[PDB]
Amino acid sequence: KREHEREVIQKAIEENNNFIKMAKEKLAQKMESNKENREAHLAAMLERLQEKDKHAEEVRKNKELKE
Amino acid sequence: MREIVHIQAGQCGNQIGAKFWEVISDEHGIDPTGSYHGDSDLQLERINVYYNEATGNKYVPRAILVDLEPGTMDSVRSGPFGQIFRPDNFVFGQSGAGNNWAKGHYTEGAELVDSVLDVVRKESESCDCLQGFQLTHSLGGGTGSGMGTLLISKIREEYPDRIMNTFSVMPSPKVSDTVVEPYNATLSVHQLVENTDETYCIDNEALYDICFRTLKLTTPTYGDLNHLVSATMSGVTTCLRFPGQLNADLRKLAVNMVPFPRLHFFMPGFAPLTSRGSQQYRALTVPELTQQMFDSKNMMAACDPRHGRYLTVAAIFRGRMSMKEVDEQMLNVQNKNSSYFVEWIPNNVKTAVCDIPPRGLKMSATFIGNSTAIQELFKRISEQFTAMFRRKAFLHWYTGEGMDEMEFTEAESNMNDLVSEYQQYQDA
Ligand SMILES: Nc1nc2c(ncn2[C@@H]2O[C@H](COP(=O)(O)OP(=O)(O)O)[C@@H](O)[C@H]2O)c(=O)[nH]1
Ligand SMILES: [Mg+2]
C-alpha cells in the first residue's frame, strides 16, 4: 500500500510535467513555423518588387539603345 | 487497556468531534478551562479513558484535530469548549482537499500525514495502556474521507495490535454538498472494511429524515443533524466512560459485536428522540424507551431492520429506572420478535445500565445493532456510484491526482462483496 501511494503521487507529477512539457514545445514549434511563414511571405513580396526594379532598368536601357 | 486516542478529520469530523467533547465534558463535570466542577464520584473514576491529567489540576481531551484547510478548526478554537483542546494537537494544512478523496489520500493529505502521526505518537507514548483509536470523519468529502482513511492505514502499520473504531458519516443526496460523494464514500468504505475493527454508520439520510418526519424541523441544518450525532455518540461510549456492572473497552466491544471480521458496521439508535430548544417534560416509561430504541424511525442509519436480522445488539439504558423492568422489557422485545435475531448466536442481545442520564433527560436508551440490513446503506451508495461510474462522469477530478479507474473498479467490487456477505447471513 505505501508502494502504491508513492506510485500515485509520482504518476501525478509525471503527467503534470508532461503537460507543461508538451505545452512548451507545441508553442515553440508554432512560433517558429509562424516566423518562417511570415518571413517567406514578405521575402516573396520583396522579390516581386525587385523584379519591377530590374524590369525598369531594362526599359531605360531599351530607350537609350534606340540610338 | 485504559486510554483511547481520539482523532477528528475534516469539516464534518471536526464539527461532530467538537460537539462530542462539549457533551461528554458536561457529563463528566469538566468545564471549558479544564476544571472539574461536578458532584459525583462516577464522573471521575474512568475519566482517563478520554482525558489526560495535567498537574493543573486540569483535564485535557486526548484529542487530535486534523484538517487540510484552517476554517473549521479556527471555528472549533473560538467555539464553546474551544480552549480545552491541547493547542499542539491542532494539525492543519492550507490548501484544502476540494471534496476529493484522491487529494486527501494521495496528494494533499500525504503532505500532512507525518506531522499528524507525530502528534499521535506523543499521545500514545504518554499512555499507561492504550486501547486504540476513535476517528470521527465523513466519507463524502476529501479530508475526513481520503486523508482520514490514509491516517487509519498508517495508524494500523505503526500500532497493529490496537483497536481502530470510527464514527463514519455516510453521504446522502438529501443533504449533499457535491455530486462526487458516492465516489468518495465507496473509496472510503473499501478502506474501512479492511482497516477498522468497528464502525458506527452515521447516515445523513437517517439524520435528515428524523429531523424532518419526527422532530418536525421543516428545514434541518448541520447543527440539527449534529444534535442527533452527539447524543448517539455519548450513548454508545457510556460503558467505556462510566463504571458499571459491565466494564467495557474497545476490544471487548469488538469481540462481542463482530462475529466475522468484515461485518463490523454498526447501526446505532437513540431514544427518546429530541431536538435542541423545544424539549419534552413528559417522562418516558421503560416499555416506551424499549419500543422506541428498536423502532426504524430511531435508527441513525437509513435501513429497515425488518429487511434483515440482528447478529448482535448492545443496548444501554441511562437514568434511575428499574433494572428488573429493563431486563423484562428487553427480554420481552426479543421473545416477541425472535425471527429478527439470528438463532445461531445465543444471548446475542446484551443490556447495560448507567445511573447518570444525559443532559436534559430523566432517562434514555442507546442502541448498537450489528444487523444484516445495513447492506441497504451500502447498496444505495453502490447504485449512486454506478450511475456516474458507468459513464466515467466526474472522474477527471481523480485521474488528475494520479489515480486510475482500476482503483474505482476494485473499491466497487469490494463494497459489492460486503453486501452479498451480509445477504449470506440473513438467510441462515
Ligand atoms: N452530519 C453532518 N454531516 C456533515 C457535516 N459537515 C459536512 N457534512 C457532510 O460531510 C460530507 C462532506 O464532507 P466534509 O467533511 O465537509 O469534507 P472534508 O472537510 O473534505 O472532510 C457531505 O456528505 C456532507 O453532507 C456536519 O457538520 N454534520
Ligand atoms: Mg464541506
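For this entry, the PDB record names X-ray crystallography as the structure determination method and reports a resolution of 2.25 Å.

As recorded in the PDB entry, chain B goes by the name Tubulin beta chain, listed as coming from Sus scrofa.

As annotated in the PDB entry, chain A is Stathmin-4 from Rattus norvegicus.

Colleague: Give a description of the overall build of chain B that names residues and reports values.
Modeller: From N to C terminus, chain B includes 14 helices and 12 strands. Taking 428 residues into account, the globule formula puts the C-alpha radius of gyration at 22 Å, and chain B, at 20 Å, falls close to it. In terms of principal-axis extent, the alpha carbons of chain B reach across some 60 × 55 × 45 Å. Sorting the 428 residues of chain B into buried and exposed places 61% on the buried side. In chain B, 82% of the contacts between residues at least 6 apart in sequence involve partners at least 24 apart. Carbon and sulfur atoms make up 49% of the accessible area of chain B, which amounts to about 17,300 Å² in all.

Colleague: So what about the overall build of chain A? Which residues, and what values?
Modeller: The helix and strand tally for chain A stands at 1 helix and 0 strands. In terms of overall size, chain A is more extended than a compact globule, its C-alpha atoms giving a radius of gyration of 29 Å where 67 residues would be expected to give roughly 11 Å. For chain A, the C-alpha atoms occupy an extent of roughly 100 × 10 × 5 Å along the three principal directions. For chain A, the accessible area works out to roughly 6,900 Å², and carbon and sulfur atoms hold 54% of it. The positive charge centre, built from 17 side chains, and the negative charge centre, built from 16, are 4 Å apart in chain A.

Colleague: Now, about the packing of aromatic side chains: what can you tell me, with residues and values included?
Modeller: Residue and element names in this part refer to chain B. Within the structure shown, the criterion is met by 28 aromatic pairs over all chains. When the centroid spacing of 5.2 Å and the interplanar angle of 85 degrees are considered together, the rings of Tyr183 and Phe408 count as edge-to-face. Here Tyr183, found in helix α6 (residues 181–195), pairs with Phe408, found in helix α14 (residues 405–427); they are 225 residues apart in sequence, far enough to count as distant. Under the relative-accessibility criterion, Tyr183 is labelled buried at 0%. Overall, the relative accessible area of 1% leaves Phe408 in the buried class. Each member of the aromatic cluster is reached from another via a ring pair, and the members are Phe20, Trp21, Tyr50, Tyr51, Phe85 and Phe90. Geometry around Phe90 places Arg77 over its ring, the cationic atom sitting 4.2 Å from the centre. Across the ring face of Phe389, the terminal group of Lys392 is positioned such that the distance to the ring centre comes to 3.9 Å.

Colleague: Explain helix α8 (residues 222–241) of chain B to me, and be specific about the residues and the numbers.
Modeller: Residues and elements named next belong to chain B. Taking 1.5 Å of rise per residue, 20 residues should cover 28 Å, and α8 covers 27 Å from first to last C-alpha, within 8% of that figure. At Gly235, α8 shows its strongest bend, of approximately 30 degrees. Burial analysis of α8 places 18 of its 20 residues in the buried class, the great majority of the element. The N-cap of α8, judged by a side-chain oxygen 3.3 Å from the amide nitrogen of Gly223 a few residues on, is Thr221.

Colleague: Describe the interface of chain A and chain B, and please don't skip the residues or the numbers.
Modeller: Opposite the 9 residues of chain A that make contact, chain B presents 14 residues. Roughly 910 Å² of surface becomes buried between chain A and chain B when both sides are summed, with 48% attributable to carbon and sulfur atoms. Interface area lost by chain A to chain B is led by A:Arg2, A:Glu5 and A:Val8, which between them contribute 51%. Run the count over chain A and chain B and you get 3 salt bridges. Where A:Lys11 meets B:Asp404, a salt bridge forms, and the shortest distance between an N and an O atom there is 3.7 Å.

Colleague: Go over the nonpolar core with me, naming the residues and quoting the values.
Modeller: What tends to happen in soluble globular proteins is that the nonpolar side chains get buried as a cluster. Residues and elements named next belong to chain B. One finds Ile7, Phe133, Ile155, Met293, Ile374, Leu377 and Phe378 to be the most contacted residues of the largest nonpolar core, which totals 68 residues. Residue contributions to this core peak at 6 residues, all from helix α4 (residues 108–125). Apart from the residues lying within four places of it in its own chain, the contact partners of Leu377 are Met170, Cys201, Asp203, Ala301 and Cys303. Judged by nonpolar contacts, the second largest core, of 52 residues, contains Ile210, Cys211, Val229 and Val258.

Colleague: With reference to specific residues and values, describe the sheet that holds strand β6 (residues 130–138) of chain B.
Modeller: Residue and element names in this part refer to chain B. Strands sit in the order β5-β4-β1-β6-β7-β8-β9-β12-β10-β11 across an open sheet of 10 strands; the sheet is mixed. Pairing within the sheet leaves two strands with one partner each, and these edge strands are β5 (90–92) and β11 (349–354). With strand direction ignored, the average angle separating the axes of adjacent strands in the sheet is 20 degrees. In this structure, strand β4 (residues 63–67) lies alongside β5, joined through 3 bridges in parallel fashion. The residue bridging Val66 from the neighbouring strand is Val91, located in β5. Contacting β9 (265–271), β10 (310–318) and β12 (364–371), helix α10 (residues 286–293) runs over the sheet at an angle of about 35 degrees to β12.

Colleague: Tell me about the environment of B:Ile64, and please be specific about residues and values.
Modeller: Residue and element names in this part refer to chain B. Its location among the elements puts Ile64 in strand β4. Taking the relative accessible area as the measure of exposure, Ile64 reaches 0% and is therefore buried. Measuring from C-alpha to C-alpha, the distance between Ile64 and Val119 comes to 7.3 Å, with 55 residues separating the pair along the chain. If we skip the residues at most four places from it in the chain, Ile64 touches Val5, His6, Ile7, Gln8, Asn89, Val116, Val119, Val120 and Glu123.

Cut-off values and rules
- Residues numbered from 1 in each chain as written, not as in the entry; some residues may be left out.
- Chains lettered and ligands numbered in written order.
- Part of a larger assembly, values for the part shown.
- Heavy atoms only, no water.
- Helix = DSSP H or I, 4+ residues; strand = E, 2+ residues; numbered from the N terminus.
- Rg over C-alpha atoms; globule rule 2.2 N^0.38 Å.
- Buried < 20%, exposed > 50% of the residue type's maximum accessible area, 1.4 Å probe, protein only.
- Contact = heavy atoms within 4.5 Å.
- Areas by Shrake-Rupley, 256 points an atom, 1.4 Å probe, with all protein chains shown as cover.
- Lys, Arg positive; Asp, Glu negative; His and termini not counted.
- Charge placed at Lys NZ, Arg CZ, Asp CG, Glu CD.
- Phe/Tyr/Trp six-rings, centres within 6.5 Å; stacked < 30°, edge-to-face > 60°.
- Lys NZ or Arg CZ within 6 Å of the ring centre and 35° of its normal.
- Expected span 1.5 Å × (residues − 1).
- Bend = angle between axes of the 7 residues up to and from the residue.
- Polar contact = N/O pair within 3.5 Å; in protein donor to acceptor, adjacent residues only side chain to side chain.
- Buried area = accessible area lost by both parts, 1.4 Å probe.
- Salt bridge = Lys/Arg side-chain N within 4 Å of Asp/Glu carboxyl O.
- Core = buried A, V, L, I, M, F, W, Y, C linked by side-chain atoms within 4.5 Å.
- Pairing = 2+ DSSP bridges.
- Axes fitted to C-alpha atoms, helices over the stretch in contact; angles between N-to-C directions.

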